[PDB]
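Participant: The structure under discussion is supplied below as structure tokens; questions concerning it will follow.
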4 protein chains.
Amino acid sequence: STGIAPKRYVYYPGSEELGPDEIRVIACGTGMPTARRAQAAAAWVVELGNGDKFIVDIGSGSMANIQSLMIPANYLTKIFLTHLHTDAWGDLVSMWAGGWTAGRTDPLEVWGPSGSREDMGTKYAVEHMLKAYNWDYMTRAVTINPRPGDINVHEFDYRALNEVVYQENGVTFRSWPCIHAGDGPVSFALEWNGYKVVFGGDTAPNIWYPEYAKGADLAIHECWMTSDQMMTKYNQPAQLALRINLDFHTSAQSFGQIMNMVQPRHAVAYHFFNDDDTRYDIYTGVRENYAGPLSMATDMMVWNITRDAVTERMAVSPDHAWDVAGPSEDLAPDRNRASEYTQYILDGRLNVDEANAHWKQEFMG
Amino acid sequence: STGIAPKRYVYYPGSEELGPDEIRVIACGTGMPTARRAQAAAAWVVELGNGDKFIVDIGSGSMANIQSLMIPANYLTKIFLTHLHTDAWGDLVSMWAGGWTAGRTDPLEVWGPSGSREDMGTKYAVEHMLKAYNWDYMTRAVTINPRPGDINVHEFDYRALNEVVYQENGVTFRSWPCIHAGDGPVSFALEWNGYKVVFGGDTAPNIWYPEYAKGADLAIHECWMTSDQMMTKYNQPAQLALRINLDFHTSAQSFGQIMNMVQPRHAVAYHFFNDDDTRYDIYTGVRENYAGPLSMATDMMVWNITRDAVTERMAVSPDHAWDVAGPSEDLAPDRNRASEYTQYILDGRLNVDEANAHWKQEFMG
Amino acid sequence: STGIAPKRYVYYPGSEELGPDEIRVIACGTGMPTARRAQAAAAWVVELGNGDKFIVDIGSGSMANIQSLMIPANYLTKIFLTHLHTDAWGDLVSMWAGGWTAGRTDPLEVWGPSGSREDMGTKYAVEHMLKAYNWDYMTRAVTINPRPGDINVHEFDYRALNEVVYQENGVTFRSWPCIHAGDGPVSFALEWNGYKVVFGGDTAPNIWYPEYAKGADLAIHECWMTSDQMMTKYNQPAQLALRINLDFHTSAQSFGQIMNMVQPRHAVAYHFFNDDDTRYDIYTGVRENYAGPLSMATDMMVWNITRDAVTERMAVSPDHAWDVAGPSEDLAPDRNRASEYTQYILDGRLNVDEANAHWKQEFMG
Amino acid sequence: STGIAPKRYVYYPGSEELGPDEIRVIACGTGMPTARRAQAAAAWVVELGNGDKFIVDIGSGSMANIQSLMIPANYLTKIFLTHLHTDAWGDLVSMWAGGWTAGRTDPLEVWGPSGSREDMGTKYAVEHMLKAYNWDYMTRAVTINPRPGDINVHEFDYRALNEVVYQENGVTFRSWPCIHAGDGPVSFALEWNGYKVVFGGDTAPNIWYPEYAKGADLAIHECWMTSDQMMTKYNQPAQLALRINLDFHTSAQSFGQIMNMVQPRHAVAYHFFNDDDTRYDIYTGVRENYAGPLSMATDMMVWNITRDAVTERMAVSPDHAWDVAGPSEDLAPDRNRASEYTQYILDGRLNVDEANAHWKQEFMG
Ligand SMILES: [Zn+2]
Ligand SMILES: [Zn+2]
Ligand SMILES: [Zn+2]
Ligand SMILES: [Zn+2]
């Protein structure tokens, strides 16, 4: 009566203790290159039982969903990018900037593939994102000590076949290639404490995923909208709309083929618009070849991985979100940085003393 | 009975004809550097009765709201940036890539301010952004004509006092400085067909906005959360919370003084968390010194400016947004372009012919 | 550019003219006798191209949706009830009082079935409803003309096999029995201009629906949650979950059998929780036997029925709904209506003339 | 990191153990006679540290919000009605029928006022409500035990001044007249453990509320839209728009004056449409005379009453709500009780054996 309701049928972010032998995966974006309030672009939050937390992809729009988990910014410092599509990493800037004012005190750590040359790789990309936002950076840095505005980039060969790219505190990430637009993109396997979660990213059907994702607890893979849907919605000629499901993208039928090969405890289809008139065709495509546990992902779906089961719930999270304070500590600023104001601009100040008099007076007692 | 409901109490994007002597302004972001599903970072869509349209600021998260307006990518090629904060242009990338895969045939045109030196200006910011996303650009330009993957930058002097920065088809944008983090930030005024709309951007109270926003049909200005609210939501020390409303940002009372001076037909307050326990005190603050027509901005608020009236209303728009096709032509992909695939990645294609045979044959008829 | 978007991918209620050979059906509730913000209890609004409009069912909570369609109360006076579940006609009371404050000028017309005896029928039910709300009726009628507060009831015989219960202006409703908890429940067929819409109400699988619903433009039918689901969600013993889907309700597999028999242009399944982890099994259940066009119903779904197609879309409507005014002229109150105030209560009034002095001067010019 | 985020900024229903010296109050409706997904008609949940729970009003729409709180049906048995408006008790039926099917064990208890004669009181109201829903009552009593279908009514004298109408377990409700549409409406005071909560219900300014609601921890009173907002929305003439805020309802200005008198810890305004262009004018009305803590209510607003603070939050709760089981027992049917089917109806059962055998088999194994 006055007690707490156990095993809730929805995930309320911040309301639940994580078990030492438990993973929590939250889809903070499941969408497309088209922006949509119901679906941010691809983003995954992993919370391990040992207190380690990772983001895999941080697409355009995902930061709103990520900020809604009531997780302090200092705990969301490690970011893996499958690839360098705006719809895979475009909110990294919002996580760099917003997280910093939210009181991150550590640099961002970013693991992402190379390309076929320096300027098609993750290091080039991050380096120039930081030059793009130089004004934000210098103006911020005069006051706030600049350490957390660092991004340490760990680039790995996109070509490598299931090679470790991260080994720390009992946690392994391995990568392997995808086939998606051009050379560069990868899939991630996260291994910890008996478990294995697989982040496909984006790819046409490839020989590497079905091999290295085998027997995962949670397998995530591109599952595209049908050729019929492509023709109804984007008004594509049948030949173009066919090509999209065979050459550019993993079809639902293809997705089911791969998860039949993988044999996960739980499969996840993402990277399609989950509407009242698309999802059923795509579910049917999958079920042609795969009959095991299947999630049809949308924004703020959550997976609990225990020894017993893989549980799918929806997260009920605050739309009117706020930064939530962490156990970190005020770092000691930098009184050796050059101010970015001229006196021509500071001579613009408006005398507002008389309008602010009444509230300024009550406020100081 | 069978008839369209005229002068509807909410705005349905795509449902109304825009009159030739009418302007329509929609707030696609009203929020803060903290992400929130309820409020994107700053973005304004402006629609003139002569068919000209404009985005003023395109902050982190605004793209979902902009795509909810059912406006073809080709009609939204022109972007004005008040300043180079993540939360004022972080989504220029989503508009670039998105509008390109959605059928934008023309390059993006971008106006923003210079800084005190090259690497503090818009020219440098956008140049290094295109480099940041070079993997996206080069891959996409293989399959899709590259001309609309261009961004033509129009850098204007941030120091200029109320000087034109755009003039085209009887439309003028003027700029004047803001006082905000460091040199470069501006406010804009759009002058067309007897009308004046002011976009304040981000600023502590300054002597220029009161002078140059005078007699505006719609006046927009930063209006910050109360010091008491700074000390409650974030747990600041009194001093730091006082300084924020007296030095770093415009207080409600300040906003009130400025709009008192400006005597706009209609004034808009934005850039605070519009919540059921914040908005009222901020409202009371404005009303200390300003008694005129006022909107307290939140996401998808819209203003109709006619000779007779300045109407405020809410837009009711699809969360499940799709791109909408515009009048323009198919453009031809440049075939003198090297693949970004090596044979090593392409040798990974999976045989999926069988799994896909069922739907495949049915679709070719 | 300044024009309307044609054939929009979502329905904006109030924004689209109905053709003279066109029907529009909006699901205003698709849920259970359990309350849910995301699904109201059963309710349908039918709009014919000839100007006539009808509600079939008005279950608990449906009114907030019906009010969102921006339809004047004076156009929504004709209500047919499939049966007498709270979850089938619970919001009749809200349509009765709400419509009347908001300027309905004609009486409500209700068609509902008889039962096995007097006190199991719509006549008894509505006579005693009006008694329950006698305080509301008498207090409202001092001030507003009592005529719109009349309910004319049209009790049809629940036993009749596919017999006319309404025939006016080229429109026909037939009824036939359901098997649902107790004698009384019916399904209806609306016939107009060569269109046939079937409102299944609630039923266990019966021999009448497949016969009388055959060749429907749009066929609607109960489609219950699976026996696995009933156990998972509600904590059921194995053999009671089995009984729900074979005796009490129409299983998804049965729904497929019926719609296989009916061969409609479009079948609609409804009266199940449409959730991210219920919908897909239900859909696969139907698909075992029925292959034709299907909608899995949710709240605010809309079908456009033309000669050429049956289109499913989602309605996008104001959560902040208001009454909308219809042309219908003024209606003169009574001065043969006793006040319901005694002077004991009326002597309780508070002097507030001075607290209201400021805005009461300002307002009288 | 693996911890639970404490003293959280949103209330997640089901997630917070209630303190023994604490009251929790949720607005489950705040609306008008007009239906709206944003605002249910008036409803209030009170939870007490002794584990007693209470509903005060249960207006049309409210049940969807009540069910979102994840409270078992069996702990929600006691309803107090301020008055007999459809928008104050229209969803009692929904709590009656819906609780019962979800394992409520005890009858509902209902406390409402009498009127000037039997047919204007709560005993008469509820008696005829049960007759109205006789079919539903009689059919449900065949397959589930009939006792939780009962509604034990406690009618009290509306005219009484501050008299005890409930007295159990250290909890005490008092009532006093309102002036609302006609004789019969009241306000409640809930007194428990040195806390006073006051439920305004609906009234024009009266001499009883200020007297009897003095020293209230939480104090709730009608507060109406402005005359200007009445003229603009409902196309009123000038004089009738004036009569509404002086005679029939309590103005913002009068809400101020009355709350100035009562000097509660925390004042609540409700019964106005809480919209981005209405609420502000209403805030400013109330602050002409009241400067104490003030909530402008909307659906799912919650107050925590502790010794130290009256804390406002917003509840973030599932739209896709479900019943949660309580510790109550599995109560048993009745064979005595006569079936409500005739052989005429059962003779209509369709044979669906072949359709259902495949799922029927796998369920039993
Ligand atoms: Zn991609
Ligand atoms: Zn800024
Ligand atoms: Zn029923
Ligand atoms: Zn009332």
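For the structure tokens, the naming scheme is as follows: chains receive sequential letters (A, B, ...) according to their order of presentation, residues are indexed from 1 within each chain, and ligands are indexed from 1 in presentation order.
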Could you list, as a list in words, all protein and nucleic acid residues with an atom at most 10 Å from ligand 3, counting only C-alpha atoms and all ligand atoms?
Facilitator: residues 32, 33, 41, 42, 59, 82, 83, 84, 85, 86, 87, 88, 89, 180, 181, 182, 185, 201, 202, 203, 222, 249 and 271 of chain C; 136 of chain D
Participant: Starting from chain B, keep only residues with some atom at most 12 Å from an atom of chain C, counting only C-alpha atoms, and report them as a ChimeraX atom specification.
Facilitator: /B:1-24,46-53,68-76,313-328
Participant: Considering only C-alpha atoms and all ligand atoms, tabulate each residue of chain B that lies at most 12 Å from ligand 1 along with its nearest interatomic pair and the corresponding distance in Å to one decimal; arrange the rows by chain and ascending residue number and present them as a Markdown table.
Facilitator:
```
| residue | atom | partner | partner_atom_place_in_ligand_line | distance |
| --- | --- | --- | --- | --- |
| B:97 | CA | ligand 1 | 1 (Zn) | 11.2 |
| B:98 | CA | ligand 1 | 1 (Zn) | 11.9 |
| B:101 | CA | ligand 1 | 1 (Zn) | 11.9 |
| B:135 | CA | ligand 1 | 1 (Zn) | 10.6 |
| B:136 | CA | ligand 1 | 1 (Zn) | 8.6 |
| B:139 | CA | ligand 1 | 1 (Zn) | 10.3 |
| B:140 | CA | ligand 1 | 1 (Zn) | 10.3 |
```
Participant: Which is closest to ligand 4 among C:116, C:364, C:137, C:132, if we use only C-alpha atoms and all ligand atoms?
Facilitator: C:137
Participant: Which residues, written as a ChimeraX atom specification, have at least one atom at most 9 Å from residue 150 (chain C), with only C-alpha atoms counted and residues fewer than 5 positions away on the same chain left out?
Facilitator: /C:96,106-109
Participant: Where does DSSP see strand (DSSP E) in region 84-223 of chain C, if you list the residues as a VMD selection string?
Facilitator: chain C and resid 108 to 113 151 to 156 163 to 168 171 to 177 186 to 192 195 to 199 218 to 222
